[PDB]
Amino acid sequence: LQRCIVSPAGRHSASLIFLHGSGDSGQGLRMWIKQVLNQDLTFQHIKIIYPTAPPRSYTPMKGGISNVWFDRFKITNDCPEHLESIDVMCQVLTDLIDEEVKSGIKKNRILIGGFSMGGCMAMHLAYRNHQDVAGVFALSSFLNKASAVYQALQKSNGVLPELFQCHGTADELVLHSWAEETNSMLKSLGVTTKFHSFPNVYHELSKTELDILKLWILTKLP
């Protein structure tokens, strides 16, 4: 994968893998956050990796080529996830996590999250393959009904990474009810989570959301 890296200001001791939503790129997400904050998101010790999803067919674009982590049949929670494309991407992003580990960053100092389709991807990578990460965040995201996530967590008995999930209540693309169903599902399967609903926020990033996100990141990667 191609990627945009935002370095820590000093010694690197932890890593944030932050996955972009459908159609975007890692430099796109980076610049979008920079606009929403009026300065870059940056840390003292945490390196931010914004990888770019390789271009591939996307069924809601009638098979047109898009930077997408995985394919979807339909934009809804009431259809099955496309598990074969999700699993191909779990293996690709696993390689990226492993490049970090091999750099000296322990898995419990790696936080994975994303916006929209990138937060979905994050949740499948964390709760199915990498339950020892520091935490998981999902902005404007949901899991499809009957997700392999749910079935993995049903079968798990160990400590799991905490989820920070935010959603705009006025979102017309990814409905708030799909995101709260996902949050409730995960809580009932033993995930500890922080769910934050932003009235008057649609399918977008907001400054307040990103500020709260930053605060919680610092609790998970001191």
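Residue indices: 1-based, along the sequence shown.
Q. Should the higher mean CA B-factor in the entry be assigned to 100-108 or to 137-145?
A. That would be 100-108.
Q | Entry-level comparison of average CA B-factors, 155-163 and 40-48, reporting the higher stretch | A | The recorded data point to 155-163.
Q.
Among the choices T59, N67, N183, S197, identify the one whose CA B-factor in the record is greatest.
A. When the deposited C-alpha B-factors of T59, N67, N183, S197 are compared, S197 is largest.
Q) By the record's CA B-factor, is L83 among the lowest, middle or highest third of residues in the chain? A) Highest third - that is where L83 ends up once the chain's C-alpha B-factors are sorted.
Q: Would you please rank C4 by its C-alpha temperature factor against the other modelled residues of its chain and give the third it falls in: lowest, middle or highest?
A: Middle third, going by the recorded CA B-factors of the chain.
Q) Which third of the chain holds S25 when residues are ordered by C-alpha B factor: lowest, middle or highest? A) According to the entry, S25 has a C-alpha B-factor in the chain's lowest third.
Q.
Is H203 in the lowest, middle or highest third of its chain when residues are ranked by C-alpha B-factor?
A. For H203, whose C-alpha B-factor we compare with every modelled residue in the chain, the answer is the lowest third.
Q) Within this chain, which third does the Cα B-factor at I75 fall in: lowest, middle or highest? A) Highest third of the chain for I75's C-alpha B-factor.
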